[PDB]
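Working notes, beginning with the structure itself.
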Amino acid sequence: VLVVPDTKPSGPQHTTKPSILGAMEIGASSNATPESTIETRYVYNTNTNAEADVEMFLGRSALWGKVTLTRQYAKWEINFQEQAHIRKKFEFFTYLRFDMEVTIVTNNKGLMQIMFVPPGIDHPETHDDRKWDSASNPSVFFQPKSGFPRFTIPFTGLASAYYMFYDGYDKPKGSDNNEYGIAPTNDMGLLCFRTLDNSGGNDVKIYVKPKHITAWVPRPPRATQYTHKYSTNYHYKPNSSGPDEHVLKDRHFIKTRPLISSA
Amino acid sequence: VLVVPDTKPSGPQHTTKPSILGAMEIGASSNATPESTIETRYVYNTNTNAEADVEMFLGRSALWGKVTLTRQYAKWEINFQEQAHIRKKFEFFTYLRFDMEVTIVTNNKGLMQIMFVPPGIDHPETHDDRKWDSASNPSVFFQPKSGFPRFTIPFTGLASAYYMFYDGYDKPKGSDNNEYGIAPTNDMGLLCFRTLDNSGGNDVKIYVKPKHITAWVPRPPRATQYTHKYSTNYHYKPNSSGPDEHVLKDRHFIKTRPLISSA
Amino acid sequence: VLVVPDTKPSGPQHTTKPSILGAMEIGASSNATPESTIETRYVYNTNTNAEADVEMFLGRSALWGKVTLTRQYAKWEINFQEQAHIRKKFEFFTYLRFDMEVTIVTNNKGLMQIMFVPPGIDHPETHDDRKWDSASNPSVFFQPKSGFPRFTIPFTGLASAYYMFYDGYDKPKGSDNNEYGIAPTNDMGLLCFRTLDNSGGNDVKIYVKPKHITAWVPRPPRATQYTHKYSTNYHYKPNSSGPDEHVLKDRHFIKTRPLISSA
Amino acid sequence: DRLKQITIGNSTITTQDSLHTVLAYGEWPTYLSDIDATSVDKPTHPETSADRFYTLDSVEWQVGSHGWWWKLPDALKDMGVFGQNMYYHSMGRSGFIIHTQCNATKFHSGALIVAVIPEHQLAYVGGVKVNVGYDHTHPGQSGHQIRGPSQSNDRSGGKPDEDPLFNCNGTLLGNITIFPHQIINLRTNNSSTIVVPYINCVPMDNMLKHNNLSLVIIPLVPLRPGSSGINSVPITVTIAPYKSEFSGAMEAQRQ
Amino acid sequence: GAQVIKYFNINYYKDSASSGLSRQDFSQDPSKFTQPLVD
Amino acid sequence: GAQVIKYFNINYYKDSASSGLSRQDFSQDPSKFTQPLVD
Amino acid sequence: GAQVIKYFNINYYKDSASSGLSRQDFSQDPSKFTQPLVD
Amino acid sequence: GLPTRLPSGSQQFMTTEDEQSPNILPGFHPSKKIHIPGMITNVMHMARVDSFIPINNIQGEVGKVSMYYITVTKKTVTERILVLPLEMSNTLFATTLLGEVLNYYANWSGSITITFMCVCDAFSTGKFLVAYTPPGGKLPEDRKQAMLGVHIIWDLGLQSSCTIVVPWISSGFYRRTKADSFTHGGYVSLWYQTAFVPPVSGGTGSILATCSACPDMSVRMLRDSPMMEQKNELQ
Amino acid sequence: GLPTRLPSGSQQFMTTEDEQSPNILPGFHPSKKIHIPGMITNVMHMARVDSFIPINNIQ
Amino acid sequence: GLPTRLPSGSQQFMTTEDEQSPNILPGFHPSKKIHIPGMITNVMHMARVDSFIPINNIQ
């Protein structure tokens, strides 16, 4: 683990090269520490940032999705776009390469099957669908009482990382069905759920933990509530009803103050 | 693990022995790589086929059979003939030698007995049948809640492999009861099921995983939906009802296109 | 493990000491192999009899007994005399020295007590009997859901082996209560059962596995269905009702054929 | 060069327009070794008298002919002392040298797929669950002219499937190249040679009840005369057993 | 635990009776039968 | 247990059939196909 | 098992993806940011 | 006893997991394993064998052997003879040994080999352009636009066949087995370079096609193949 | 504690399985094992002894 | 078998726990990891970059 540096002693200084002057324009952050500004003592400083590294920061297994079994059947397309709090944390970065371990928290009872359906094929659309009988589609059978199912999905990119943001399109110029952003760039599969009993509740919570993460290009954190998934659209249409039609709210987190200089 | 070869560099070439010419008639595939055709760069290629080897390809534990407990009793004759998706994957090969681990997924509750009945003897035909009391017939007692039963059956051939396809008969020329194909060639036993309680549902799913596989003579993959088991018959009779009597459908997976050269 | 011997090559032979002649009267089996009779090739033969040794043959944990809890109470005197299929396998031998592991398969629920009552004392005759409170009688408490109870009883002989057959009596000549056979020769204890709940079903199955077996004097296998336990009586009285009174059936497994020489 | 000569004792093939020989699975026929053996009796090796080329009847290849198949060892069951050894023994094994022969002219066009299928299990000609009869899968040297797919093919008597596109077993032609095969393109070659070893998961079995291989000749592209009045060309098949063994001598299994 | 390109024969309950099947086999001969003769 | 900057391949049930998938792979060549020729 | 006054890093499922968090950390420097200059 | 813990996924039954299970039938001796010809240890060895492309699949010709060959004649102006859009999910490739091994896997990388053989008489001759339009490009519809991609020109005589290698050209490292516009693979098209000239004016010729994988081909993420469907129980 | 897992077939009772079970009656001393004539360690030694075929089995 | 025990927190699912889980899709080969500019291994490297304070935030 890496501890933060110690504070070194510093005395009075008369210097013709100010360290406290600079240029904000150059594009560089300040190198100034308290030894440049005040007169300091030696402090032996054992603090660590270990809990701020991208493995610990993104490694807590957030809830990605919720589904309800309707007629003892549910379906979920794997993605982080649906939940704002985990979507904001992934979007501090442009590119992420991670394995994910998927824990399924269900309040149902009896017996459940999860099918991981790899991209490019058809999933079971109901319980009792013949497609639940699969040679090569990986599935998980579990009894929700006595344990939570968990499996790891490795990194399935088509690229060396996942795009969190994608400034391109999947089709050429004149195509009218063009799709913008990361949705065409990869698909992580879908999870199909069914119950082989009736028993308990219908709620299925999918918790996902990124592990073995490599993050690439830091971005400004999301300053606005999300509106749609796979968008970046931050303009929110609160109501379709009437004269407030076509009125949009940004919904940011900036708060005002009565006066500068009085705070 | 074996990685695929690297792409080597290649420049412009003037050669009086074309590598791109050949004869389709000789019965051999092309040796051509992109270094023979285009001008190439060195690519360092770490990709593996590990997921395509016959152990991984056939090693996923497909569903072989489903049975329903009728009066807390079920019976299943072990075979892969019933399920089209796993039957197609085994039939890429003429001969297979494998051990199989058998997992039983049941939605029943209480207490179940599985009896493995080796070939050549009589099985229990009902629950409470005295034949459920056996000295030497291997059985499994399990409670479906808290765990799925699993056991391994080793390779029982009479031969060095299983026949996936058999072009012979079990009886001589003039015998009228002749049976064609692999059904006489081996019998893997049958699984008898009974419940010692009432409790849960009646459905019993038998999942089988081939392991320690050796495959022999590759065959063309099945191009047509199956009709009967132990047959290879692909002609499907959809209805016995009326004037459509004796009309057969092949049910293949070939799809047409409007034009060649326009695709 | 011991593989069967290889087949050695043999050619044409002109010999004045026939190996195919002999005397059935001497009391010895034939030494003849196919090398004495036909002209043979070398066959490399890896087959084993490992599954035929007395440990594997008798080591499968057969069902010895069934009891029903009547008023949440059952009792069973340990013995193999009750079940014909395991009784026949032990009776290939005159003497057996084995430890036994006892598995109890019950469809009841809640809480059960098994008391092993060593010979020579009184057992609990009901549930709530004060004798279920014991300092030195070994008992087993288990909850039938989540696991099957199993314990090992070592070899309790009074002799160096168990008698499967006993040609003596326990009392002298003139005693009128003489008992014939192995019943006086040893008693393996009894298992008392009670339920401390009500809950599930009443059926208690006792499975016993001989282990560490030593078998002594091979006998002809039982050729007839059993009639009584601790007997060897094979004459079966089917009905007490009427004119068929005192008519006995042997009930053997020999089957006839229409003709010799035509089979 | 394109010249080839194959001499299997007593008989010689000479092919002057030829491809390489296909050696199936890169495996030459061998005698059953002692490591792999089952039965204890010393087998017989007829060698030159059984192992030799047996040419069958020729088939007329025409516009609209769908193909032909032969079953092995079946096609040879009446042929010389090789076929005699099938009836007098329990078991037998062998490899085969199949030499297919079709020559036309530089004005003719056409293509033939000549393939050898291990365990080619046919399909019933259609409908309900019926084993194809022993009588139909054992035509002998005559083989089977494939007729073709029709709703009007007789479904009586457990007849085999007639459709060459599905290989009569329900798998696409055009994937038949996974088996040992060659193409006879009249532009290129007039013949084919495939050396198949003995293929089975069993050291030897009954020559009569089980057909190890199947020789299938499918007209991949039809036969065009060009400008000539020759609308049909013969196709001759010649089989040499090689390294054939027999064991379990008994009465002839014949009638 | 009780006792011992490897193998480990371990007794969990520390009794010789509590062990599983005895797979170590040496003693044998058919001749006690099939040839039970003086000479 | 059965057999053996490390690794341990351990068989819990002491049978070769009871083991998991066989991941040790050597034998291969496409040439049995794609080039099944004499010369 | 997979690999290795002690410590033992043991992989139960024998896959690199199936492991837990990667706690072994070397690569770092803020200077890609905060000082992204030529000279 | 020894303290243990049961993390999530301990009591699971995962269909794809790798575990050891108790042997039922202990002591059983399997029959000896003899030598059988043909042993195949990897299913990508089936994809590397040539197999015919149903290039003629159309309303009338599907179900017949004629779905494997195209007709070529003599023409005054170059025409686009055939188009093989490169998708392993397309019937053209999906029905082959190559494509039907690749349909069990969600995505693939590596190079394709396509071999064209002309079945004609020995006096027929021709030059053909076989072009591969790389991903992201438009299907050419002109021989000037087709020749700007990867292409070969095969003279026809005295050797039956010619092989265009479709080289691996991709932005990402893998291509999806199912056609999409993001990973799409491009097009193979057949053109007349000069002409197909028979010995007689109305003469004609037939072209077949085979495909196999190159040695660098690789697949991943085994899935169900769309190439089998079960609507009924097999009894 | 030590992380473990319970694969399928862990809580099973298989009739043919080979396992160790707790000794009831601990400390029990079995009676000594003397020499008895006839010890048979394999049941295929009974099949290698001649026995009469009921060749005349008929009505 | 070996005596074990299941202390409190053994069958738990803790969202922040660190554990190994079975790989679904075994044998899967990830796409190769190339060099990308900008790799950030700690989020405190974002806090050490200057960013403008909205000092004028008012109505």
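Identifiers in the structure tokens: chain A, B, ... in order shown; residue index from 1 per chain; ligand index from 1 in order shown.
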
For residue 96 (chain D), work out the shell of residues within 10 Å, counting only C-alpha atoms and skipping chain neighbours fewer than 3 positions away, then give it as a PyMOL selection string. chain D and resi 28-29+51-53+72-73+99+194-198+213+238-244

Let's have the selection written as a short mmCIF file (atom, residue, chain, number, x, y, z; two decimals), in the first residue's frame, with N, CA and C atoms.
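Output below, filename result17.cif:
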data_model
loop_
_atom_site.label_atom_id
_atom_site.label_comp_id
_atom_site.auth_asym_id
_atom_site.auth_seq_id
_atom_site.Cartn_x
_atom_site.Cartn_y
_atom_site.Cartn_z
N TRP D 28 -3.10 -45.79 -43.07
CA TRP D 28 -3.18 -46.94 -43.95
C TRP D 28 -3.82 -48.12 -43.23
N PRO D 29 -4.45 -49.03 -43.95
CA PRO D 29 -4.98 -50.23 -43.31
C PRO D 29 -3.86 -51.08 -42.72
N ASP D 51 -7.33 -59.97 -51.04
CA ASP D 51 -6.92 -58.58 -51.20
C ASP D 51 -6.49 -58.38 -52.64
N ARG D 52 -7.33 -57.68 -53.40
CA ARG D 52 -7.21 -57.55 -54.84
C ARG D 52 -8.41 -56.74 -55.30
N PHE D 53 -8.32 -56.19 -56.51
CA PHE D 53 -9.37 -55.31 -56.99
C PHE D 53 -10.55 -56.10 -57.51
N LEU D 72 -20.16 -51.20 -47.84
CA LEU D 72 -19.03 -52.09 -47.64
C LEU D 72 -19.04 -52.61 -46.22
N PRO D 73 -18.64 -53.86 -46.02
CA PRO D 73 -18.17 -54.92 -46.92
C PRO D 73 -19.20 -55.46 -47.91
N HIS D 99 -11.46 -47.28 -56.13
CA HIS D 99 -11.04 -46.59 -57.34
C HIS D 99 -12.28 -46.38 -58.20
N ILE D 194 -9.30 -43.59 -53.18
CA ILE D 194 -9.38 -43.37 -51.75
C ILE D 194 -8.93 -44.65 -51.06
N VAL D 195 -7.92 -44.55 -50.21
CA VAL D 195 -7.49 -45.66 -49.37
C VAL D 195 -8.03 -45.39 -47.97
N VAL D 196 -9.00 -46.19 -47.56
CA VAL D 196 -9.61 -46.09 -46.24
C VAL D 196 -9.09 -47.22 -45.36
N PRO D 197 -8.63 -46.93 -44.15
CA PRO D 197 -8.33 -48.02 -43.21
C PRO D 197 -9.59 -48.68 -42.69
N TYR D 198 -9.46 -49.58 -41.73
CA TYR D 198 -10.63 -50.13 -41.06
C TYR D 198 -11.07 -49.17 -39.97
N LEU D 213 -18.42 -49.06 -44.04
CA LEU D 213 -18.33 -47.90 -44.90
C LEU D 213 -19.51 -47.84 -45.85
N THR D 238 -14.21 -49.91 -58.46
CA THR D 238 -13.32 -51.05 -58.28
C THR D 238 -12.78 -50.98 -56.86
N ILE D 239 -13.00 -52.04 -56.08
CA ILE D 239 -12.65 -52.06 -54.67
C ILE D 239 -11.60 -53.14 -54.44
N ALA D 240 -10.54 -52.78 -53.73
CA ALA D 240 -9.59 -53.77 -53.25
C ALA D 240 -9.68 -53.85 -51.74
N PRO D 241 -10.06 -54.98 -51.15
CA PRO D 241 -9.81 -55.17 -49.73
C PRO D 241 -8.31 -55.13 -49.48
N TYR D 242 -7.93 -54.60 -48.33
CA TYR D 242 -6.52 -54.52 -48.01
C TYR D 242 -6.34 -54.78 -46.53
N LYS D 243 -5.42 -55.68 -46.20
CA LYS D 243 -5.17 -56.08 -44.82
C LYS D 243 -6.43 -56.64 -44.17
N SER D 244 -7.17 -57.44 -44.93
CA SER D 244 -8.41 -58.02 -44.44
C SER D 244 -8.13 -59.21 -43.54
#

If you run DSSP on this backbone, which residues of region 94-206 of chain D come out as strand (DSSP E or B), and could you give them as a PyMOL selection string? chain D and resi 94-101+109-118+124+144-145+160+181-185+191-196+205

Could you superpose chain I on chain J by least squares over every Cα, matched in sequence order, and send it back as a PDB file with C-alpha atoms, in the first residue's frame?
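Everything below was put into superposed-v3.pdb:
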ATOM      1  CA  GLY I   1     -15.191 -36.005   7.270  1.00  0.00           C
ATOM      2  CA  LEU I   2     -13.092 -33.142   8.542  1.00  0.00           C
ATOM      3  CA  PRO I   3     -14.897 -31.310  11.369  1.00  0.00           C
ATOM      4  CA  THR I   4     -15.776 -27.757  10.385  1.00  0.00           C
ATOM      5  CA  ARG I   5     -17.878 -24.934  11.763  1.00  0.00           C
ATOM      6  CA  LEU I   6     -20.032 -22.185  10.255  1.00  0.00           C
ATOM      7  CA  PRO I   7     -19.537 -18.996  12.281  1.00  0.00           C
ATOM      8  CA  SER I   8     -21.858 -16.031  11.946  1.00  0.00           C
ATOM      9  CA  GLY I   9     -21.431 -14.345   8.598  1.00  0.00           C
ATOM     10  CA  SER I  10     -20.601 -17.545   6.713  1.00  0.00           C
ATOM     11  CA  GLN I  11     -23.809 -17.802   4.623  1.00  0.00           C
ATOM     12  CA  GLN I  12     -24.016 -13.993   4.408  1.00  0.00           C
ATOM     13  CA  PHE I  13     -24.015 -11.973   1.203  1.00  0.00           C
ATOM     14  CA  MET I  14     -22.077  -8.807   1.971  1.00  0.00           C
ATOM     15  CA  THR I  15     -22.082  -6.290  -0.843  1.00  0.00           C
ATOM     16  CA  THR I  16     -18.549  -5.132  -0.025  1.00  0.00           C
ATOM     17  CA  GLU I  17     -16.992  -8.575   0.570  1.00  0.00           C
ATOM     18  CA  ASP I  18     -14.076  -9.969  -1.448  1.00  0.00           C
ATOM     19  CA  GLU I  19     -14.549 -13.517  -2.712  1.00  0.00           C
ATOM     20  CA  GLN I  20     -13.940 -15.836  -5.641  1.00  0.00           C
ATOM     21  CA  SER I  21     -16.857 -16.990  -7.763  1.00  0.00           C
ATOM     22  CA  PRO I  22     -17.233 -19.683 -10.422  1.00  0.00           C
ATOM     23  CA  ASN I  23     -16.545 -18.593 -13.968  1.00  0.00           C
ATOM     24  CA  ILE I  24     -19.511 -18.910 -16.229  1.00  0.00           C
ATOM     25  CA  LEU I  25     -18.253 -19.181 -19.797  1.00  0.00           C
ATOM     26  CA  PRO I  26     -15.143 -21.255 -19.010  1.00  0.00           C
ATOM     27  CA  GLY I  27     -12.373 -21.202 -21.568  1.00  0.00           C
ATOM     28  CA  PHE I  28     -13.441 -17.766 -22.779  1.00  0.00           C
ATOM     29  CA  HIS I  29     -10.560 -15.755 -24.215  1.00  0.00           C
ATOM     30  CA  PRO I  30     -10.777 -11.993 -23.607  1.00  0.00           C
ATOM     31  CA  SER I  31      -9.765  -9.628 -26.354  1.00  0.00           C
ATOM     32  CA  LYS I  32      -6.163  -8.536 -26.085  1.00  0.00           C
ATOM     33  CA  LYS I  33      -5.332  -5.575 -23.887  1.00  0.00           C
ATOM     34  CA  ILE I  34      -3.649  -2.888 -25.959  1.00  0.00           C
ATOM     35  CA  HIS I  35      -2.066   0.351 -24.822  1.00  0.00           C
ATOM     36  CA  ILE I  36      -4.556   3.147 -24.312  1.00  0.00           C
ATOM     37  CA  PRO I  37      -3.412   6.636 -23.279  1.00  0.00           C
ATOM     38  CA  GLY I  38      -4.582   8.041 -19.990  1.00  0.00           C
ATOM     39  CA  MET I  39      -4.691   5.037 -17.634  1.00  0.00           C
ATOM     40  CA  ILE I  40      -5.823   6.093 -14.161  1.00  0.00           C
ATOM     41  CA  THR I  41      -5.309   3.711 -11.256  1.00  0.00           C
ATOM     42  CA  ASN I  42      -6.591   5.924  -8.427  1.00  0.00           C
ATOM     43  CA  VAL I  43      -9.478   8.371  -8.258  1.00  0.00           C
ATOM     44  CA  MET I  44      -7.483  10.756  -6.045  1.00  0.00           C
ATOM     45  CA  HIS I  45      -5.548  11.587  -9.205  1.00  0.00           C
ATOM     46  CA  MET I  46      -8.713  13.310 -10.429  1.00  0.00           C
ATOM     47  CA  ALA I  47      -8.964  15.321  -7.207  1.00  0.00           C
ATOM     48  CA  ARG I  48      -5.390  16.529  -7.715  1.00  0.00           C
ATOM     49  CA  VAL I  49      -6.300  18.153 -11.040  1.00  0.00           C
ATOM     50  CA  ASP I  50      -7.350  21.799 -10.858  1.00  0.00           C
ATOM     51  CA  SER I  51     -10.984  22.516 -11.619  1.00  0.00           C
ATOM     52  CA  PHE I  52     -12.932  25.748 -11.501  1.00  0.00           C
ATOM     53  CA  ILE I  53     -14.873  26.649  -8.371  1.00  0.00           C
ATOM     54  CA  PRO I  54     -18.333  28.042  -9.125  1.00  0.00           C
ATOM     55  CA  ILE I  55     -17.442  31.012  -6.950  1.00  0.00           C
ATOM     56  CA  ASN I  56     -20.274  33.164  -8.328  1.00  0.00           C
ATOM     57  CA  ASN I  57     -23.118  30.737  -7.620  1.00  0.00           C
ATOM     58  CA  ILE I  58     -26.075  33.028  -6.863  1.00  0.00           C
ATOM     59  CA  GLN I  59     -29.728  33.411  -7.817  1.00  0.00           C
TER      60      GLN I  59
END

Result of fitting chain G to chain E over every paired C-alpha, as an mmCIF file with N, CA and C atoms, in the first residue's frame:
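Dumped everything to selection_17.cif:
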data_model
loop_
_atom_site.group_PDB
_atom_site.id
_atom_site.type_symbol
_atom_site.label_atom_id
_atom_site.label_comp_id
_atom_site.auth_asym_id
_atom_site.auth_seq_id
_atom_site.Cartn_x
_atom_site.Cartn_y
_atom_site.Cartn_z
ATOM 1 N N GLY G 1 -7.655 -36.448 11.923
ATOM 2 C CA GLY G 1 -6.646 -37.090 11.101
ATOM 3 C C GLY G 1 -5.955 -38.248 11.790
ATOM 4 N N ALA G 2 -5.494 -39.223 11.011
ATOM 5 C CA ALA G 2 -4.856 -40.390 11.603
ATOM 6 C C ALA G 2 -3.506 -40.691 10.971
ATOM 7 N N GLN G 3 -3.482 -41.005 9.678
ATOM 8 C CA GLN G 3 -2.220 -41.384 9.052
ATOM 9 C C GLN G 3 -1.994 -40.684 7.717
ATOM 10 N N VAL G 4 -0.951 -41.098 7.001
ATOM 11 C CA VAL G 4 -0.613 -40.537 5.699
ATOM 12 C C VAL G 4 -1.772 -40.689 4.727
ATOM 13 N N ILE G 5 1.441 -37.891 -8.165
ATOM 14 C CA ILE G 5 2.773 -38.169 -7.644
ATOM 15 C C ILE G 5 2.668 -38.180 -6.111
ATOM 16 N N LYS G 6 1.459 -38.412 -5.607
ATOM 17 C CA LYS G 6 1.226 -38.532 -4.171
ATOM 18 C C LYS G 6 0.065 -39.488 -3.928
ATOM 19 N N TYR G 7 -0.385 -39.516 -2.676
ATOM 20 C CA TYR G 7 -1.669 -40.006 -2.193
ATOM 21 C C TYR G 7 -1.694 -39.782 -0.687
ATOM 22 N N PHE G 8 -2.903 -39.679 -0.133
ATOM 23 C CA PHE G 8 -3.079 -39.496 1.303
ATOM 24 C C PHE G 8 -4.263 -40.323 1.777
ATOM 25 N N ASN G 9 -4.006 -41.273 2.669
ATOM 26 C CA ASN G 9 -5.053 -42.082 3.281
ATOM 27 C C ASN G 9 -5.273 -41.541 4.686
ATOM 28 N N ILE G 10 -6.381 -40.838 4.880
ATOM 29 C CA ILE G 10 -6.618 -40.053 6.084
ATOM 30 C C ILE G 10 -7.889 -40.551 6.752
ATOM 31 N N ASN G 11 -7.806 -40.809 8.051
ATOM 32 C CA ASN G 11 -8.933 -41.292 8.830
ATOM 33 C C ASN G 11 -9.415 -40.137 9.689
ATOM 34 N N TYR G 12 -10.642 -39.698 9.444
ATOM 35 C CA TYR G 12 -11.165 -38.507 10.093
ATOM 36 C C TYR G 12 -11.615 -38.770 11.518
ATOM 37 N N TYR G 13 -12.126 -39.962 11.795
ATOM 38 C CA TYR G 13 -12.674 -40.284 13.099
ATOM 39 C C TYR G 13 -11.708 -41.052 13.983
ATOM 40 N N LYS G 14 -10.511 -41.361 13.488
ATOM 41 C CA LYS G 14 -9.442 -41.966 14.282
ATOM 42 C C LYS G 14 -9.797 -43.365 14.785
ATOM 43 N N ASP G 15 -10.680 -44.066 14.087
ATOM 44 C CA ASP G 15 -10.971 -45.459 14.380
ATOM 45 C C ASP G 15 -10.777 -46.285 13.121
ATOM 46 N N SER G 16 -10.344 -47.526 13.310
ATOM 47 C CA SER G 16 -10.153 -48.406 12.170
ATOM 48 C C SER G 16 -11.478 -48.901 11.628
ATOM 49 N N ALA G 17 -12.503 -48.966 12.475
ATOM 50 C CA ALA G 17 -13.830 -49.350 12.023
ATOM 51 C C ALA G 17 -14.513 -48.230 11.259
ATOM 52 N N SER G 18 -14.206 -46.979 11.584
ATOM 53 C CA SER G 18 -14.879 -45.848 10.969
ATOM 54 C C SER G 18 -14.395 -45.566 9.554
ATOM 55 N N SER G 19 -13.353 -46.250 9.097
ATOM 56 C CA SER G 19 -12.834 -46.075 7.755
ATOM 57 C C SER G 19 -13.811 -46.607 6.711
ATOM 58 N N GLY G 20 -13.608 -46.183 5.471
ATOM 59 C CA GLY G 20 -14.369 -46.693 4.351
ATOM 60 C C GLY G 20 -13.905 -48.074 3.937
ATOM 61 N N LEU G 21 -14.271 -48.458 2.717
ATOM 62 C CA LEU G 21 -13.923 -49.782 2.219
ATOM 63 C C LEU G 21 -12.423 -49.992 2.212
ATOM 64 N N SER G 22 -12.025 -51.242 2.406
ATOM 65 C CA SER G 22 -10.619 -51.612 2.375
ATOM 66 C C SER G 22 -10.290 -52.011 0.947
ATOM 67 N N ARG G 23 -9.536 -51.158 0.264
ATOM 68 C CA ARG G 23 -9.227 -51.330 -1.144
ATOM 69 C C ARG G 23 -7.874 -51.976 -1.378
ATOM 70 N N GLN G 24 -7.122 -52.265 -0.320
ATOM 71 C CA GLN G 24 -5.775 -52.806 -0.444
ATOM 72 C C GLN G 24 -5.881 -54.326 -0.418
ATOM 73 N N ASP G 25 -5.589 -54.956 -1.552
ATOM 74 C CA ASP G 25 -5.909 -56.357 -1.781
ATOM 75 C C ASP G 25 -4.650 -57.102 -2.191
ATOM 76 N N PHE G 26 -4.323 -58.159 -1.452
ATOM 77 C CA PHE G 26 -3.206 -59.026 -1.802
ATOM 78 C C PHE G 26 -3.656 -60.480 -1.823
ATOM 79 N N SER G 27 -4.101 -60.973 -0.667
ATOM 80 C CA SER G 27 -4.429 -62.383 -0.493
ATOM 81 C C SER G 27 -5.430 -62.855 -1.537
ATOM 82 N N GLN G 28 -5.149 -64.023 -2.114
ATOM 83 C CA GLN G 28 -5.984 -64.657 -3.124
ATOM 84 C C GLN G 28 -5.314 -65.950 -3.560
ATOM 85 N N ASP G 29 -6.128 -66.862 -4.101
ATOM 86 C CA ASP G 29 -5.757 -67.976 -4.970
ATOM 87 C C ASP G 29 -7.022 -68.801 -5.164
ATOM 88 N N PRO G 30 -7.354 -69.215 -6.385
ATOM 89 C CA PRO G 30 -8.501 -70.117 -6.550
ATOM 90 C C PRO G 30 -8.253 -71.512 -6.022
ATOM 91 N N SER G 31 -6.997 -71.896 -5.789
ATOM 92 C CA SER G 31 -6.639 -73.300 -5.627
ATOM 93 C C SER G 31 -7.203 -73.937 -4.363
ATOM 94 N N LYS G 32 -7.574 -73.151 -3.349
ATOM 95 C CA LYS G 32 -8.319 -73.695 -2.217
ATOM 96 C C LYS G 32 -9.557 -74.423 -2.696
ATOM 97 N N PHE G 33 -10.025 -74.051 -3.872
ATOM 98 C CA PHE G 33 -11.118 -74.614 -4.631
ATOM 99 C C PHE G 33 -10.523 -75.003 -5.972
ATOM 100 N N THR G 34 -11.251 -75.762 -6.762
ATOM 101 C CA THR G 34 -10.849 -76.044 -8.139
ATOM 102 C C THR G 34 -9.632 -76.960 -8.206
ATOM 103 N N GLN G 35 -8.782 -76.935 -7.184
ATOM 104 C CA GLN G 35 -7.692 -77.889 -7.029
ATOM 105 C C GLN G 35 -7.464 -78.185 -5.552
ATOM 106 N N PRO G 36 -8.436 -78.722 -4.829
ATOM 107 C CA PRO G 36 -8.214 -78.961 -3.400
ATOM 108 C C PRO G 36 -7.702 -80.363 -3.122
ATOM 109 N N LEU G 37 -6.484 -80.659 -3.556
ATOM 110 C CA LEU G 37 -5.965 -82.014 -3.569
ATOM 111 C C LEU G 37 -4.710 -82.117 -2.713
ATOM 112 N N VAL G 38 -4.409 -83.343 -2.288
ATOM 113 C CA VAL G 38 -3.169 -83.643 -1.582
ATOM 114 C C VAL G 38 -2.028 -83.618 -2.589
ATOM 115 N N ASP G 39 -2.044 -84.553 -3.530
ATOM 116 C CA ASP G 39 -1.167 -84.483 -4.692
ATOM 117 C C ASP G 39 -2.004 -84.562 -5.959
#

Quick one: residues within 7 Å of residue 226 (chain A), only C-alpha atoms counted, chain neighbours fewer than 5 positions away excluded, as a PyMOL selection string? chain A and resi 84+233-234

Select residues of chain C: the criterion is any atom within 8 Å of an atom of chain B, counting only C-alpha atoms; output as an MDAnalysis selection string. chainID C and resid 57 60:63 85:86 105 107 145:146 201

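With CA of residue 80 (chain A) on one side and CA of residue 251 (chain A) on the other, the separation reads 20.8 Å.
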
Write down as number ranges by chain the residues of region 13-54 of chain I whose backbone DSSP state falls under helix (DSSP H, G or I). I: 44-47

Output of the above residues as a short mmCIF file (atom, residue, chain, number, x, y, z; two decimals), in the first residue's frame, restricted to C-alpha atoms:
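File written: result36.cif
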data_model
loop_
_atom_site.label_atom_id
_atom_site.label_comp_id
_atom_site.auth_asym_id
_atom_site.auth_seq_id
_atom_site.Cartn_x
_atom_site.Cartn_y
_atom_site.Cartn_z
CA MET I 44 -15.11 -65.06 -9.24
CA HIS I 45 -13.34 -67.88 -7.42
CA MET I 46 -16.77 -69.48 -7.03
CA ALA I 47 -17.46 -69.13 -10.76
#
